[PDB]
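Encoded as structure tokens, the following chain is the form deposited in one PDB entry, with no partner shown.
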């Protein structure tokens, strides 16, 4: 068991449960999203750490500069473990580390910067499956009489719309289907009922299979060699749609 703040980052909205095994850290993109997340959370088991701005690339940046970064210190401190050789999983303050970013591309980019931080400084957190990715909603279907439904894809949107109409429900063509363009646009209630309620949230657990293959990919994508990255993007962007086919 570990003490919660009521010696940690100022932006950390810690949980109440003193058991790491039962605790969860939501690393959130933006002060706005983090603010509403702080309100909709379960304050017992869920803590919020809002990260502001693009995270520093630890692959590119010198080590001393990374340690001066206010946002990295927030993560390293709030996780408690330590980094590199001084890493100690025993001091992990949250056994669930959920990265929650916007569905847009800059959200995707921030996650790749965080996954890089974790893989390089605190790799065992990934290997032992403590790192997760929350999937935010893309749409909110606001039925005229029925309860609202949330969708996490264009496909699911079309599916819930079709089913509902077939079931005799109806929607306004003005208000209609609210489309989320980021977590910042969501209020406390919406975030709970889509990303933080453990009975309905869609989490993805980051797994690490081939460590050597991962090591090279991180260096190619996040490294200082532009040439290697430029040829990689031109080589593989052509086939991103077919990675899971």
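By rigid core we mean the largest C-alpha set that fits within 1.5 Å across both forms. Numbering follows the first chain given and starts at 1.
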How many residues that are in the deposited sequence but not in the model lie between residue 238 and residue 239: none, 1 to 3, 4 to 9, or 10 or more? none
Check the entry's C-alpha temperature factors for 164 to 172 and 99 to 107, then say which stretch has the higher mean. 164 to 172
If you average the CA temperature factors as listed in the entry, which stretch comes out higher, 173 to 181 or 48 to 56? 173 to 181
Among 197, 190, 216, 29, which carries the highest Cα B-factor? 216
Determine, from the deposited record, the chain-internal third of the Cα B-factor for residue 84: lowest, middle or highest. highest
Quick tally, chain-level thirds of C-alpha B-factors: residue 202 sits in the middle
How does the C-alpha B factor of residue 221 compare with the rest of the chain: lowest, middle or highest third? lowest
Looking at the entry's B-factor column for C-alpha atoms only, identify whether residue 90 ranks in the lowest, middle or highest third of its chain. highest
Based on the entry's values, in what third of the chain does the Cα temperature factor of residue 33 lie: lowest, middle or highest? lowest
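Although not depicted, the form deposited in another entry is the subject of the following passage.
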Which residue moves between this form and the one not shown, judged by a Cα shift of 2 Å or more on the rigid core: 135, 128, 153, 108? 108
CA of residue 199, rigid core aligned, shift of 2 Å or more between this form and the one not shown: no
If we fit on the core, is the Cα of residue 72 displaced 2 Å or more between this form and the one not shown? yes
Yes/no, residue 88 Cα shift of 2 Å or more between this form and the one not shown with rigid core fixed: no
Regarding residue 101 and residue 218, go with closer or farther for their CA spacing in the other form versus this form, the difference being 3 Å or more. closer
Can you tell whether residue 156 sits closer to or farther from residue 105 in the other form than it does here, judged by CA atoms, where the change is 3 Å or more? farther
